[PDB]
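Below is one structure, written out as structure tokens, with a few remarks after it.
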Amino acid sequence: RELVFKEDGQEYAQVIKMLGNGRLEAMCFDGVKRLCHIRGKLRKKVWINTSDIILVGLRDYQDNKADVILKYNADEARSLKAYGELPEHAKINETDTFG
Amino acid sequence: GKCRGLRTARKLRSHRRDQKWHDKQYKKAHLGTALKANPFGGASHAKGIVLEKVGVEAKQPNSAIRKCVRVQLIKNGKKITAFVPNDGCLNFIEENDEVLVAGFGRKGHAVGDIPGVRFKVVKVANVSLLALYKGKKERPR
Amino acid sequence: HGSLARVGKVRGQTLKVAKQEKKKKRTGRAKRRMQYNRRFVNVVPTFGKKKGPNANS
Amino acid sequence: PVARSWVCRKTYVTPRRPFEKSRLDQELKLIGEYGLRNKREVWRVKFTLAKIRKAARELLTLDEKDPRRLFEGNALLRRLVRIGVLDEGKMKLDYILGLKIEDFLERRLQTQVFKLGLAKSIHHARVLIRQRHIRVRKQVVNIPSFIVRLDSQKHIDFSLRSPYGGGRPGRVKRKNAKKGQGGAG
Amino acid sequence: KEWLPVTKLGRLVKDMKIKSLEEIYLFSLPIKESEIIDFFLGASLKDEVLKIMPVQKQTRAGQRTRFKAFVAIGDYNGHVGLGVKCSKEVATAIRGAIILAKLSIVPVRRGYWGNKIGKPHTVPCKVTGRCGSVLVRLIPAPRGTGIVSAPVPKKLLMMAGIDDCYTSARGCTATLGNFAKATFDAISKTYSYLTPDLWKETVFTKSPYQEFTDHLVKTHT
RNA sequence: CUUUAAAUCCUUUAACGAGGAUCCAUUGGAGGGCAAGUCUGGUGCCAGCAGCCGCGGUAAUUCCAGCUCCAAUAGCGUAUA
């Protein structure tokens, strides 16, 4: 509904391996692998898929854990990409809902 | 009882001793394995150096994470995992600092929704966490 | 916002009010005397459910 | 090897239930009516009454015409009639068990000063005793928990070194008198 | 607000021919009007609610909850009773439990511990009552001991007039209804026990139904 | 002054020594177990509380602060045999 951007302690990541036990692996836009955690509103109200644009929170004393906040589906994700936040090597690969 | 003879005392004593050893609390309280596996070594409190901070998660009923530190003791060399109790008291602790850990409430048992943690932090840098949390004393600079 | 699991967030963003300067409270024998008086000789015969000491319904 | 005693004991027993209702009600009633300070005093009186009752019970489980029973039972009975909680018409071993906490708390020095007729209230009686105003047989008492005897009840009066029983006045009388002398001079 | 007795016992009590419920207990007649006892025992019959326990029944459209009330009744110098009633509402269940408790009260007897001086204060012997898995034992105590019990049998023993008792319970005492019914059956057994205080040959006096039948045939059909 | 090898401590005793008698009593709680607010403001499954049931999802009786109340009282709470 609204375009909210990243802040201090938050960034964007791409889901690489979709696991169980309410956690997943996401590749952050800084160049490090992290074990993210599914938020309490993100278990069943929304469904997180692979290769999607998500909001990932930083951890200030350990640097191998994270947690996920939001999810951008198609148009706000491509509008955020048009603004410029990521290295251009990463590929969207047309992330949206299929038919 | 079953033996009701006038000269039946050795059998009753041996049966009571065998059924006493065949128990739970007497079994942990009389072997050396249950006290040897204890990282405190039969002690109420222990000291050690904090290496790192870990955010351990809660159980399935409730959704939060628990701020925790990992302690390597000096009396035996074992590595334990102790919870920082109050709100915002993790910021009073940094790496390579000594703390005084204690039990967490149920005598070597995970209490509440925190899995795999049986200890808590009482004092940090030779001053209590309650005095720092209530704003009575200050960390020595 | 900042981060989700910030250490000491709520106590850090809590509003700060000050204590109110009040009269001191009696302690010792006179505290028990006041409690006995207020609980046993200032009571009126009532019916139903007895009201609590802190009832503010 | 030092020459000490190392002999001491507790004078009270805490109750089993920490948060009850009716027990706290009669404890508060006893404290407010007898002007006590805390629950430790009424628990102490309850403990010594329980010890006396326990001794009376274990002597009452015994048989008659036993000389040690007759001896220390008569010792207990003469102690209980000389302390003021028993009468001569009830000099029997079973009548010890019919005693109450009111009988032990009525021989306290505070309520004896209050009922003797020289104190306004029982808290005023405790203040009067604590500030060294009375004496019991040519000897002042600084404490309210002085359990009097039957033969020493008629000797309680004001102390000689007190402004109430005739003596030197206190400090606010002398200070106000000196202020009046300064204002008049 | 008037008394219209449907039984000849209630009419006979209302006609001032029965002095007290002593002979009613002696002849072991069932009491089916709860206000006969309320006439005999009036303002000296206090009560309070032990526990309101909700029970539910599963249907197609959810659960139909119902409230069950436990109340203790009795004068502090003798008789004591207990009643159980369940209904839809709380107040209706409580008033039905009050009527059912006052309908069925039993007399208790008191004895001595050793010497027979003064008034009786304790349970005369060792009685036991059992219902469900709960066992309640009543043991005599010396004078001035008090009631050493759980709070529910303690309040039942104080409302029954017994001043001194030692107790020992076994079973699932967390269920209040079974515990209360067990101590009620324990204290109700004080007259079914035979003691050598009463071994003389009793005389069978005439029943009120035989004694006042000429009054009854005139007062009712 | 007494005590004491000589002192100190206690007791005795003259001169001073309290009105909000500022000469100012704390420790744990307030859903049940278990005595005691369906109070107010803030965060909003976050922070955290919770020995056990469980409490927090943008109207919290349980979190964080103020008021009020409750248990013991120069004492109270916590961890281990």
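Identifiers in this document derive from the order of the structure tokens: chains are assigned A, B, ..., residues are numbered from 1 separately in each chain, and ligands are numbered from 1 in order of occurrence.
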
Exercise. Find the spatial neighbours of range 41-53 of chain C, counting only C-alpha atoms (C1' of nucleotides), within a cut-off of 12 Å - ignore same-chain residues fewer than 6 positions away - and output them as a list in words.
Key: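 After dropping sequence-adjacent residues, the list is residues 33, 34 and 35 of chain C; 29, 32 and 33 of chain D; 30, 35, 36, 37, 68, 69 and 70 of chain F.
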
Residue selection dump (C-alpha atoms (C1' of nucleotides)) as a PDB file, in the first residue's frame:
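Done, and the output landed in selection_33.pdb:
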```pdb
ATOM      1  CA  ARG C  33      -2.651   0.374  64.702  1.00  0.00           C
ATOM      2  CA  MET C  34      -3.841   2.281  61.617  1.00  0.00           C
ATOM      3  CA  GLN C  35      -4.390  -0.981  59.710  1.00  0.00           C
TER       4      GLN C  35
ATOM      5  CA  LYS D  29      -7.096  -8.181  66.018  1.00  0.00           C
ATOM      6  CA  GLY D  32      -4.488  -3.952  67.521  1.00  0.00           C
ATOM      7  CA  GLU D  33      -6.175  -4.802  70.811  1.00  0.00           C
TER       8      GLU D  33
ATOM      9  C1'   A F  30      -0.924  -6.937  43.113  1.00  0.00           C
ATOM     10  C1'   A F  35      -2.888 -11.887  50.866  1.00  0.00           C
ATOM     11  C1'   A F  36      -3.664  -7.302  47.292  1.00  0.00           C
ATOM     12  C1'   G F  37      -6.787  -1.950  41.140  1.00  0.00           C
ATOM     13  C1'   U F  68      -3.290   3.216  45.219  1.00  0.00           C
ATOM     14  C1'   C F  69      -3.070  -1.409  47.816  1.00  0.00           C
ATOM     15  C1'   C F  70      -0.986  -6.061  49.935  1.00  0.00           C
TER      16        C F  70
END
```

Self-check item: DSSP strand (DSSP E) residues within chain A, listed as a PyMOL selection string
Solution: chain A and resi 10-17+23-28+33-37+53-57+67-72

Go ahead and dump the residues you just picked, N, CA, C and O atoms, as a compact mmCIF listing (two decimals), in the first residue's frame.
```
# COMPACT_ATOMS: atom_id res chain seq x y z
N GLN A 10 18.35 -2.42 8.64
CA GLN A 10 17.53 -3.16 7.70
C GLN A 10 18.14 -3.05 6.31
O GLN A 10 18.77 -2.05 5.95
N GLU A 11 17.93 -4.10 5.51
CA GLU A 11 18.39 -4.14 4.13
C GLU A 11 17.51 -5.13 3.37
O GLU A 11 16.51 -5.63 3.90
N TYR A 12 17.89 -5.43 2.13
CA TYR A 12 17.12 -6.29 1.24
C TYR A 12 17.92 -7.54 0.92
O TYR A 12 19.15 -7.50 0.88
N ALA A 13 17.22 -8.65 0.68
CA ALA A 13 17.87 -9.92 0.41
C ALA A 13 17.02 -10.75 -0.55
O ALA A 13 15.84 -10.48 -0.76
N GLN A 14 17.67 -11.75 -1.13
CA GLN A 14 17.04 -12.68 -2.07
C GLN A 14 17.05 -14.07 -1.45
O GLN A 14 18.09 -14.54 -1.00
N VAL A 15 15.88 -14.72 -1.43
CA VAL A 15 15.76 -16.04 -0.82
C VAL A 15 16.42 -17.06 -1.74
O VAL A 15 16.09 -17.15 -2.93
N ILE A 16 17.35 -17.84 -1.19
CA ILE A 16 18.11 -18.81 -1.97
C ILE A 16 17.57 -20.22 -1.76
O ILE A 16 17.16 -20.89 -2.71
N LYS A 17 17.59 -20.68 -0.51
CA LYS A 17 17.12 -22.01 -0.16
C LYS A 17 15.96 -21.87 0.81
O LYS A 17 16.11 -21.27 1.88
N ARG A 23 12.27 -21.02 9.16
CA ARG A 23 13.46 -20.25 8.86
C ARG A 23 13.88 -20.54 7.42
O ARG A 23 13.46 -21.53 6.82
N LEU A 24 14.70 -19.65 6.88
CA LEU A 24 15.12 -19.74 5.49
C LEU A 24 16.47 -19.07 5.32
O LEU A 24 16.91 -18.30 6.18
N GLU A 25 17.13 -19.37 4.21
CA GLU A 25 18.41 -18.78 3.86
C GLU A 25 18.20 -17.69 2.82
O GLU A 25 17.57 -17.92 1.79
N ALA A 26 18.73 -16.50 3.10
CA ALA A 26 18.61 -15.37 2.21
C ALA A 26 19.98 -14.74 2.00
O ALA A 26 20.77 -14.60 2.94
N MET A 27 20.26 -14.36 0.76
CA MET A 27 21.52 -13.72 0.38
C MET A 27 21.33 -12.21 0.44
O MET A 27 20.60 -11.64 -0.39
N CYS A 28 21.98 -11.57 1.40
CA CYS A 28 21.87 -10.13 1.55
C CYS A 28 22.63 -9.41 0.44
O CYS A 28 23.46 -10.01 -0.26
N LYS A 33 26.28 -14.62 3.53
CA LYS A 33 25.16 -15.53 3.76
C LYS A 33 24.71 -15.46 5.21
O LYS A 33 25.52 -15.40 6.14
N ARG A 34 23.39 -15.47 5.41
CA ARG A 34 22.81 -15.37 6.74
C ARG A 34 21.65 -16.33 6.87
O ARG A 34 20.99 -16.67 5.88
N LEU A 35 21.40 -16.78 8.10
CA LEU A 35 20.28 -17.66 8.41
C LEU A 35 19.15 -16.80 8.98
O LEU A 35 19.12 -16.48 10.17
N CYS A 36 18.21 -16.43 8.12
CA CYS A 36 17.12 -15.56 8.52
C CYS A 36 16.06 -16.34 9.30
O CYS A 36 16.05 -17.57 9.32
N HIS A 37 15.17 -15.59 9.95
CA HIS A 37 14.13 -16.15 10.79
C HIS A 37 12.77 -15.58 10.41
O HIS A 37 12.63 -14.38 10.19
N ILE A 53 12.01 -10.39 -3.21
CA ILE A 53 12.56 -9.20 -2.56
C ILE A 53 11.91 -9.05 -1.20
O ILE A 53 10.69 -8.84 -1.10
N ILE A 54 12.72 -9.16 -0.14
CA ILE A 54 12.25 -9.18 1.24
C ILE A 54 13.07 -8.18 2.05
O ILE A 54 14.16 -7.77 1.66
N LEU A 55 12.51 -7.79 3.20
CA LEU A 55 13.19 -6.89 4.12
C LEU A 55 13.80 -7.69 5.27
O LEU A 55 13.11 -8.45 5.94
N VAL A 56 15.10 -7.50 5.48
CA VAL A 56 15.89 -8.32 6.40
C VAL A 56 16.54 -7.41 7.44
O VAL A 56 17.20 -6.43 7.08
N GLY A 57 16.35 -7.74 8.71
CA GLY A 57 16.89 -6.95 9.80
C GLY A 57 18.26 -7.39 10.27
O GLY A 57 18.55 -8.58 10.36
N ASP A 67 16.49 -11.73 10.50
CA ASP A 67 15.05 -11.96 10.58
C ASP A 67 14.37 -11.18 9.46
O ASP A 67 14.86 -10.13 9.05
N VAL A 68 13.25 -11.71 8.96
CA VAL A 68 12.58 -11.12 7.81
C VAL A 68 11.37 -10.32 8.27
O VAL A 68 10.70 -10.67 9.25
N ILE A 69 11.11 -9.20 7.59
CA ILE A 69 10.07 -8.26 7.98
C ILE A 69 8.95 -8.20 6.94
O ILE A 69 7.78 -8.43 7.27
N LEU A 70 9.28 -7.88 5.69
CA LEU A 70 8.27 -7.61 4.68
C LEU A 70 8.55 -8.41 3.41
O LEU A 70 9.49 -9.22 3.35
N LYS A 71 7.72 -8.18 2.40
CA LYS A 71 7.83 -8.85 1.11
C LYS A 71 7.27 -7.93 0.03
O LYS A 71 6.17 -7.40 0.18
N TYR A 72 8.02 -7.76 -1.06
CA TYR A 72 7.61 -6.94 -2.18
C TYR A 72 7.31 -7.84 -3.38
O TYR A 72 8.16 -8.63 -3.80
```

Practice problem: For range 8-19 of chain D, please output as a list in words all residues within 9 Å (counting only C-alpha atoms (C1' of nucleotides); exclusion window: fewer than 2 positions along the same chain). | Solution: residues 5, 6, 21, 23, 24, 40, 41, 42, 43, 44, 45, 46, 47 and 48 of chain D; 34, 35 and 71 of chain F

Exercise. Name the residues in contact with range 79-88 of chain A at a cut-off of 9 Å, using only C-alpha atoms (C1' of nucleotides), excluding same-chain residues fewer than 4 positions from it; report them as a PyMOL selection string.
Key: chain A and resi 3+5+12+29-30+74-75

For the selection you just gave me, I'd like the residues written to a file as a CSV table (one decimal), in the first residue's frame, keeping N, CA and C atoms.
```csv
chain,number,residue,atom,x,y,z
A,3,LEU,N,5.1,2.8,0.0
A,3,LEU,CA,6.5,2.5,-0.4
A,3,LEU,C,7.4,2.9,0.9
A,5,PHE,N,11.0,2.2,2.7
A,5,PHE,CA,12.4,1.9,2.3
A,5,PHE,C,13.2,1.3,3.4
A,12,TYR,N,17.9,-5.4,2.1
A,12,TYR,CA,17.1,-6.3,1.2
A,12,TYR,C,17.9,-7.5,0.9
A,29,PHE,N,22.4,-8.1,0.3
A,29,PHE,CA,23.0,-7.3,-0.8
A,29,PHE,C,24.3,-6.7,-0.3
A,30,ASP,N,24.9,-7.3,0.7
A,30,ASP,CA,26.3,-6.9,1.1
A,30,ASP,C,27.3,-7.9,0.8
A,74,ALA,N,5.6,-7.6,-7.0
A,74,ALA,CA,6.1,-7.3,-8.3
A,74,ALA,C,6.5,-5.8,-8.6
A,75,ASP,N,5.4,-4.9,-8.4
A,75,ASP,CA,5.5,-3.6,-9.0
A,75,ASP,C,6.3,-2.6,-8.0
```

Determine, counting only C-alpha atoms (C1' of nucleotides), which protein, DNA and RNA residues have an atom within 6 Å of an atom of residue 100 in chain B; residues of the same chain fewer than 4 positions away are not included. Present the result as a PDB file with N, CA and C atoms, in the first residue's frame.
```pdb
ATOM      1  N   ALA B  46      29.287 -19.744  39.829  1.00  0.00           N
ATOM      2  CA  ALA B  46      30.530 -19.963  39.102  1.00  0.00           C
ATOM      3  C   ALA B  46      30.899 -18.694  38.348  1.00  0.00           C
ATOM      4  N   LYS B  47      32.180 -18.575  38.012  1.00  0.00           N
ATOM      5  CA  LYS B  47      32.692 -17.457  37.234  1.00  0.00           C
ATOM      6  C   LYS B  47      33.222 -17.935  35.887  1.00  0.00           C
ATOM      7  N   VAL B 122      24.107 -13.173  37.192  1.00  0.00           N
ATOM      8  CA  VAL B 122      23.734 -12.418  38.385  1.00  0.00           C
ATOM      9  C   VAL B 122      24.526 -11.117  38.444  1.00  0.00           C
ATOM     10  N   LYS B 123      25.848 -11.217  38.339  1.00  0.00           N
ATOM     11  CA  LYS B 123      26.739 -10.069  38.402  1.00  0.00           C
ATOM     12  C   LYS B 123      27.560  -9.977  37.123  1.00  0.00           C
TER      13      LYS B 123
END
```

Quiz item: What residues in chain C get the DSSP label helix (DSSP H, G or I)? Please answer as number ranges by chain.
Solution: C: 9-12, 29-40

Just-selected residues, N, CA, C and O atoms written as a PDB file, in the first residue's frame:
```pdb
ATOM      1  N   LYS C   9      14.514  -1.644  24.037  1.00  0.00           N
ATOM      2  CA  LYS C   9      13.782  -0.681  23.221  1.00  0.00           C
ATOM      3  C   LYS C   9      12.695   0.017  24.029  1.00  0.00           C
ATOM      4  O   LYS C   9      12.661   1.252  24.107  1.00  0.00           O
ATOM      5  N   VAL C  10      11.799  -0.769  24.641  1.00  0.00           N
ATOM      6  CA  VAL C  10      10.587  -0.235  25.264  1.00  0.00           C
ATOM      7  C   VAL C  10      10.926   0.607  26.490  1.00  0.00           C
ATOM      8  O   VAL C  10      10.391   1.709  26.666  1.00  0.00           O
ATOM      9  N   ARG C  11      11.851   0.128  27.327  1.00  0.00           N
ATOM     10  CA  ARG C  11      12.323   0.918  28.460  1.00  0.00           C
ATOM     11  C   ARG C  11      13.095   2.156  28.017  1.00  0.00           C
ATOM     12  O   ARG C  11      13.133   3.146  28.756  1.00  0.00           O
ATOM     13  N   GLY C  12      13.693   2.128  26.829  1.00  0.00           N
ATOM     14  CA  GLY C  12      14.376   3.287  26.293  1.00  0.00           C
ATOM     15  C   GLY C  12      13.453   4.347  25.723  1.00  0.00           C
ATOM     16  O   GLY C  12      13.792   5.534  25.746  1.00  0.00           O
ATOM     17  N   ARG C  29       4.724   0.241  65.112  1.00  0.00           N
ATOM     18  CA  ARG C  29       3.513  -0.051  65.868  1.00  0.00           C
ATOM     19  C   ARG C  29       2.311   0.740  65.358  1.00  0.00           C
ATOM     20  O   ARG C  29       1.192   0.215  65.343  1.00  0.00           O
ATOM     21  N   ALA C  30       2.525   1.984  64.921  1.00  0.00           N
ATOM     22  CA  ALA C  30       1.407   2.829  64.509  1.00  0.00           C
ATOM     23  C   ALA C  30       0.852   2.406  63.155  1.00  0.00           C
ATOM     24  O   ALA C  30      -0.318   2.672  62.854  1.00  0.00           O
ATOM     25  N   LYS C  31       1.680   1.773  62.318  1.00  0.00           N
ATOM     26  CA  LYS C  31       1.191   1.238  61.050  1.00  0.00           C
ATOM     27  C   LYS C  31       0.187   0.114  61.278  1.00  0.00           C
ATOM     28  O   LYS C  31      -0.876   0.081  60.646  1.00  0.00           O
ATOM     29  N   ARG C  32       0.499  -0.799  62.203  1.00  0.00           N
ATOM     30  CA  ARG C  32      -0.431  -1.867  62.545  1.00  0.00           C
ATOM     31  C   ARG C  32      -1.666  -1.331  63.257  1.00  0.00           C
ATOM     32  O   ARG C  32      -2.761  -1.872  63.075  1.00  0.00           O
ATOM     33  N   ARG C  33      -1.509  -0.267  64.052  1.00  0.00           N
ATOM     34  CA  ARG C  33      -2.651   0.374  64.702  1.00  0.00           C
ATOM     35  C   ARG C  33      -3.595   0.992  63.675  1.00  0.00           C
ATOM     36  O   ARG C  33      -4.820   0.835  63.766  1.00  0.00           O
ATOM     37  N   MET C  34      -3.034   1.685  62.678  1.00  0.00           N
ATOM     38  CA  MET C  34      -3.841   2.281  61.617  1.00  0.00           C
ATOM     39  C   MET C  34      -4.522   1.214  60.767  1.00  0.00           C
ATOM     40  O   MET C  34      -5.690   1.369  60.386  1.00  0.00           O
ATOM     41  N   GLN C  35      -3.807   0.122  60.470  1.00  0.00           N
ATOM     42  CA  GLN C  35      -4.390  -0.981  59.710  1.00  0.00           C
ATOM     43  C   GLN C  35      -5.530  -1.645  60.476  1.00  0.00           C
ATOM     44  O   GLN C  35      -6.588  -1.933  59.904  1.00  0.00           O
ATOM     45  N   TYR C  36      -5.335  -1.866  61.783  1.00  0.00           N
ATOM     46  CA  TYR C  36      -6.369  -2.452  62.631  1.00  0.00           C
ATOM     47  C   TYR C  36      -7.598  -1.556  62.708  1.00  0.00           C
ATOM     48  O   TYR C  36      -8.733  -2.037  62.609  1.00  0.00           O
ATOM     49  N   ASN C  37      -7.380  -0.244  62.860  1.00  0.00           N
ATOM     50  CA  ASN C  37      -8.482   0.709  62.950  1.00  0.00           C
ATOM     51  C   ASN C  37      -9.282   0.748  61.652  1.00  0.00           C
ATOM     52  O   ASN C  37     -10.506   0.559  61.655  1.00  0.00           O
ATOM     53  N   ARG C  38      -8.582   0.923  60.523  1.00  0.00           N
ATOM     54  CA  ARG C  38      -9.236   1.042  59.224  1.00  0.00           C
ATOM     55  C   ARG C  38      -9.895  -0.264  58.793  1.00  0.00           C
ATOM     56  O   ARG C  38     -10.886  -0.242  58.051  1.00  0.00           O
ATOM     57  N   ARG C  39      -9.392  -1.406  59.262  1.00  0.00           N
ATOM     58  CA  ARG C  39      -9.975  -2.678  58.866  1.00  0.00           C
ATOM     59  C   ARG C  39     -11.045  -3.189  59.820  1.00  0.00           C
ATOM     60  O   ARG C  39     -11.819  -4.071  59.429  1.00  0.00           O
ATOM     61  N   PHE C  40     -11.128  -2.676  61.052  1.00  0.00           N
ATOM     62  CA  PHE C  40     -12.030  -3.288  62.018  1.00  0.00           C
ATOM     63  C   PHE C  40     -12.976  -2.345  62.756  1.00  0.00           C
ATOM     64  O   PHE C  40     -14.038  -2.814  63.182  1.00  0.00           O
TER      65      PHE C  40
END
```

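Here the question is which of E:80, E:156, E:53, E:138 gets nearest to residue 68 in chain E using only C-alpha atoms, and that residue is E:53.
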
Exercise. Please identify all polymer residues within 10 Å of range 13-20 of chain E, counting only C-alpha atoms (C1' of nucleotides), omitting same-chain residues fewer than 6 positions from it, and present them as a ChimeraX atom specification.
Key: /E:3-5,36-37,39-41,208,211-212,215-216,219

Quiz item: Which distance in Å separates CA of residue 118 in chain E and CA of residue 155 in chain E, to one decimal?
Solution: 23.7 Å
